[PDB]
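Notes to accompany the following structure.
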Amino acid sequence: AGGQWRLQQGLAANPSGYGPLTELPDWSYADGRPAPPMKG
Amino acid sequence: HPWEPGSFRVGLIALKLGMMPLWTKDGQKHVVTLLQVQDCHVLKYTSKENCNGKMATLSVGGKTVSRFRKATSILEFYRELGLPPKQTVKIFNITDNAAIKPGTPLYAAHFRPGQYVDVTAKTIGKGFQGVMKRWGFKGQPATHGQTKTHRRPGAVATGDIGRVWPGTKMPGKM
Amino acid sequence: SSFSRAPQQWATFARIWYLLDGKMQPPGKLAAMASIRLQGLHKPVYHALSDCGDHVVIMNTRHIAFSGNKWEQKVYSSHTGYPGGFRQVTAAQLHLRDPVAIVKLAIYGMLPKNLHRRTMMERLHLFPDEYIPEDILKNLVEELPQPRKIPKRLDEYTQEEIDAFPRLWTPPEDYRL
Amino acid sequence: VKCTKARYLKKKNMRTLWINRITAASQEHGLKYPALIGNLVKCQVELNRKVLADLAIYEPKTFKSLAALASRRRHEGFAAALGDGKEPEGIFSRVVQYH
Amino acid sequence: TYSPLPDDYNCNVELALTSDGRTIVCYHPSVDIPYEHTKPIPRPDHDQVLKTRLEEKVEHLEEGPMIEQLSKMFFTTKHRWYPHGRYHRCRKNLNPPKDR
Amino acid sequence: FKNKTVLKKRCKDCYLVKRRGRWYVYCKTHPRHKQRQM
Amino acid sequence: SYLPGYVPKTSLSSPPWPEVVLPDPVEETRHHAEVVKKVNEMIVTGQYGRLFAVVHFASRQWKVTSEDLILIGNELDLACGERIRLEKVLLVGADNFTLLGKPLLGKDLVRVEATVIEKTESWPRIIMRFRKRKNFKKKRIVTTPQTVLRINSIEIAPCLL
Amino acid sequence: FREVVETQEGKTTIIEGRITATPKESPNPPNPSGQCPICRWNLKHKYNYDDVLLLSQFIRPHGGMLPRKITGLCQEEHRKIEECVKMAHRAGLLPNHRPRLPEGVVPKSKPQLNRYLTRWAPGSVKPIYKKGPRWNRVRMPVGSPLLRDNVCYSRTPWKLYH
RNA sequence: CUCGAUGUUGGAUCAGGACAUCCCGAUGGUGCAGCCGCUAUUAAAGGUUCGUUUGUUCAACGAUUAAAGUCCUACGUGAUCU
Ligand code: FES
Ligand SMILES: [K+]
Ligand SMILES: [Mg+2]
Ligand SMILES: [Mg+2]
Ligand SMILES: [Mg+2]
Ligand SMILES: [Mg+2]
Ligand SMILES: [Mg+2]
Ligand SMILES: [Mg+2]
């Protein structure tokens, strides 16, 4: 399910692991203000 | 049409009158059954195509009965044929060259001496019967200790299977 | 799609009629294709409870080809229930007795073993030869490609095809052959 | 107890339904399910199975495009495997690096 | 002339990457059914002095024959068409939730 | 015939043939040599 | 006229699949720029109607469109009525084109806004264990905090180059 | 090739032999160093029972195989081409290389059973009445183990037992 | 496994199954002339006696028979009997 290919690219085998898809904030205030950091 | 090998003609409906002896020149006695042909007519023709079987059929009817005791659809059929209703109707598989126009009378001389016939009827109804009369089971001894067991089936299967096989001979309508 | 709701619902869940040609086809690959369609497993709206199976018509079931020796080795077993009622027939004996049985038995075994299976059997239409009832013919929408490529007999190659292939060896001039 | 343990089945069966629907949707474009799922990952598209099945039902012009993209990447894999590394990577094979 | 998929049924797909290589652009206009791939709509299907009557074909069947007729017409088994008892009839939700 | 797991020619007219999917020994000189593969 | 590795035509002489010829990269990169320009023009001219997007929110992916409701399975620490931006967009699609992130689309390209319209808790959910013959039985009831978001708007900007 | 004709005239028989046209190997084999016709044309592991354009070159007019010394085939490829021609006959693919029929005998009709990849002679196989357990399952052979080394373009190898 | 019970050896009754075949069918070998045998391959559709004696299964004996098969079925079957 893509685990070995992501590893060949220096990515985590699981796309839930490190990287922008998981580590970037989920949302921001519509006005621009940043959200507080997510618990995880 | 003329007769050809492989050709199958119609039969009759007759009434069983009774039994009678006859003797052959050899002195041997044979019993015979008298079958009276009572108002036998052809009723219906079904082409080989519409019969759904490999042969055409010719429906024949036996004994005149009361128009007062027959269903309307049956009365409607006989009115169109122009005959009184028959008690029994039977289907005969014929070859195409043996078809007869419905309404045609059938007689005893349709058959001739020396020929062989198959006769089909319903057997004498004996009602619910035990295994001795129905299947020829031996039953059990009359004396020597037997407790309430003289005409019974005995065992009906083995212990292992835990059931009774389909088709097992048992008391029932005979 | 900007359809109204009912016509939208009608189109999405409609029954399609497929044609499949069984000539020279292994009955199991015919069965595998039909089983998907009878279930609706080919539809992205598939659900087991949505009753989204299709109609499959298969012609030329008399002209199926088994691979190997299965015509002689494959046995169909049954029991009448009565003592002595176990019956076993080869695929060949069964085929000559009933020319849709083998395809019917292959499909039936591939469908889910639940109560929807006999309903999916009512949307299956098996015909041993090229003849199909006209009412069935007018229902058809799409013919499925045959799952097995029929190889050409030597007599069916064009002279260009024969000429294209090279002669691999020289036979001695003095060999009787 | 059945209601407690049924939470594990509910998740497992939803995935099989999504896969079944995606397999249906891929076959309409001549793809097998692994060819679609495997190659989308190689394009750095992380759409999961629930979304892909939703697209297959409700956005079929998009789903066909996702099918074409995955089919395109698969052909780039075949071309790459035939090469000895001398030839450059395919257009859709290039990976965006993050740091 | 290379096409990843055929372009003759659902939409004409065109895949492209942006100059930066970070966005895949998919152009997919729908394909219309050509006129020539269509059929015309099927239009084709006395001395009477009496008002043509409705020839109402009021025909009644018994359950057996009726269920055989419904099973064939709709290509089901017979089992759907038999009734259910009060217990199951009274359990069905007659005001089910409706989503859109 | 005698059924045999190992077929052995007993003479010089005893010949080995496979028929009906199994090996046989047929001998026209000494018919008592006929064997069937078991 | 036979190469050293020539094989006459048989069933196995060549692979069963057809031969595929990929486009020349120089022409395709030019062809790509025309497609992107064509799609960028549709955005400038507003040649699109309703948009849908796929957003990554609260661990999962949501295919969303304007006016949609989504039920978030946790508290969000936002007041009811607060408007936020959804920042992880994987895909925005229209009738005639779709934009795909690798894995996420740029913020300059697409904008998704949602509104908190309810903060509630789920219905009670039973947690019961049982092991037979062990006098092992326990019951627990939980309610999960939830947030309902309404998707207000999906906006795309002609930032394709 | 060489023929033999027997003509009886006036109670006298004359048996002669004539040399007919002979085919010749196509020029420029892609691998002249190959030993047998197969390896000379890069054909090893690349033909099947249905490749009759190849198989028909190694059989007699009545469907029989030709000797190895005459064709030049390796012992190995001879066995592959031999099995392949047996299967091609049973598949109905050689409808002209049929057994010679003496005295214009008209065979009684047989049931048509289409088949392919038939390893055993049809009359020589018994029904599998007891299939056995899953761990000792009596299988049905499909194809020939002589062709196991054929080039496989799928990731799954040929299944020779069904 | 069953001791908060799975009671019964032989017989009666009704028999289901295996085939390692007693008889009937089709074969091969024979130290098979023939008549009988012996041995093997195939065959389980059909059949396979009545008595004296012993509680007996087992056996012996008297008469037969195409033959009086070997086995399994909770040592088949006792909410059917003895
Ligand atoms: S194939 Fe080369 S020696 Fe036979
Ligand atoms: K006890
Ligand atoms: Mg008595
Ligand atoms: Mg008493
Ligand atoms: Mg008494
Ligand atoms: Mg108790
Ligand atoms: Mg018995
Ligand atoms: Mg006992």
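Numbers restart at 1 for each chain; the letters A, B, ... are given by sequence-line order, proteins then strands. The figures here come from the full heavy-atom set of this structure, side chains too, leaving out hydrogens, waters and symmetry mates.
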Answer yes if [N] and [M] form a Watson-Crick or G-U wobble pair with both distances under 3.5 Å, and no otherwise.
| N | M | value |
| --- | --- | --- |
| I/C61 | I/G51 | yes |
| I/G69 | I/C19 | yes |
| I/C50 | I/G62 | yes |
| I/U56 | I/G28 | no |

When the [atom1] atoms of [N] and [M] are considered, how many whole Å apart are they?
| N | M | atom1 | result |
| --- | --- | --- | --- |
| I/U39 | I/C22 | P | 10 Å |
| I/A43 | I/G37 | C1' | 22 Å |
| I/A68 | I/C24 | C1' | 14 Å |
| I/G31 | I/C38 | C1' | 11 Å |

Please answer whether the main-chain N or O of F/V25 pairs with a side-chain N or O of F/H33 as donor and acceptor at a distance below 3.5 Å.
no
Short question: side chain of E/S71, backbone of E/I67 - any donor-acceptor pair under 3.5 Å?
yes
Under 4.0 angstrom between [X] side-chain N/O and [N] OP1 or OP2:
| X | N | result |
| --- | --- | --- |
| F/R32 | I/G29 | no |
| F/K2 | I/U41 | no |
| F/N3 | I/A40 | no |

Are H/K86 and H/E82 close enough for a salt bridge, meaning some N to O gap below 4.0 Å?
yes
The side chain of [X] lies closest to which of these nucleotides: [options]?
| X | options | result |
| --- | --- | --- |
| B/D160 | I/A15, I/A74, I/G28 | I/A74 |
| C/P83 | I/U77, I/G17, I/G28 | I/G17 |
| B/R152 | I/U73, I/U30, I/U80 | I/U80 |

Six-membered rings of I/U9 and I/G10: centres under 5.5 Å apart, planes under 30°?
yes
The furanose of I/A68, with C1'-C2'-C3'-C4' positive read as north and negative as south, falls south
Is I/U52 on the north side or the south side, where north means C1'-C2'-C3'-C4' is positive?
north
For B/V156 and B/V164 the tightest heavy-atom approach is CG2-CG2, 3.7 Å
Between atom NE2 in B/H144 and atom P in I/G55, what is the gap in whole Å?
16 Å
Is there a side-chain contact between H/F58 and H/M65, using heavy atoms and a 4.5 Å cut-off?
yes
